[PDB]
């Protein structure tokens, strides 16, 4: 009955977690589809794959899925020409997407685009009926010189200005999981997500009816499992442990 396993790529697989590359080879001995997922506004599948190959994982490219892929999929489903308020680094993920005469607004973390004039242009697309698509809505992030504005304040500004709500496509939001699961052509109920983040990874997956496994690596702190309802289907020490459980109980 288990058809797909989604695996967070950051803190679940490396900080390389010991046993991970072996545990994954073991998971592959089954027929389960394996997907490697992350929220990102900046990173390509090619870079992420690279980083994983360095670390001795056997992962192919068609297996990495991100916040950006979710946005490309939605773009292609809605058949819209987005204005891409994205870092120049994300744009390889949108090659072949039409952006001229735009009729949609896609917004990630794009400081160089996060100025009045270009924001006002986006505003006028939304007044005209353009859908607003947000990669995610984080208030801030940490950089070399301290906390800095993330994409969330700027999504909200556009939302405030137009009295509309963005479709958010990054974790914990439902779209991230449904698009990740799209290539397995399976129900969320027939999949599991493994992450070190009880909210973004595990609660997010379980809100659409996936089984969520919280691992005590990466950004996990003791009693994180207690902050969500219901609790994670399973909380365990690491990715190799998650995997043994899956082999035992779910396959």
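Numbering follows the first chain given and starts at 1.
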Between residue 15 and residue 16, the number of deposited residues left without coordinates comes to 1 to 3
Going by the B-factors listed in the PDB entry, is the mean over the C-alpha atoms higher for 141-149 or for 98-106?
141-149
Pick between 177-185 and 123-131: the one whose mean CA B-factor in the entry is higher.
177-185
Could you tell me which one of 205, 191, 55, 68 shows the highest CA temperature factor in the PDB record?
55
According to the deposited entry, which of 37, 214, 211, 29 has the largest Cα B-factor?
29
When the modelled residues of the chain are sorted by Cα temperature factor, does residue 24 land in the lowest, middle or highest third?
highest
B-factor third for the C-alpha atom of residue 1 within its chain:
highest
Lowest, middle or highest third of the chain for the C-alpha temperature factor of residue 115?
lowest
Could you tell me which third, lowest, middle or highest, the C-alpha B-factor of residue 7 occupies within its chain?
lowest
Going by the CA temperature factor in the PDB record, which third of the chain does residue 136 belong to: lowest, middle or highest?
middle
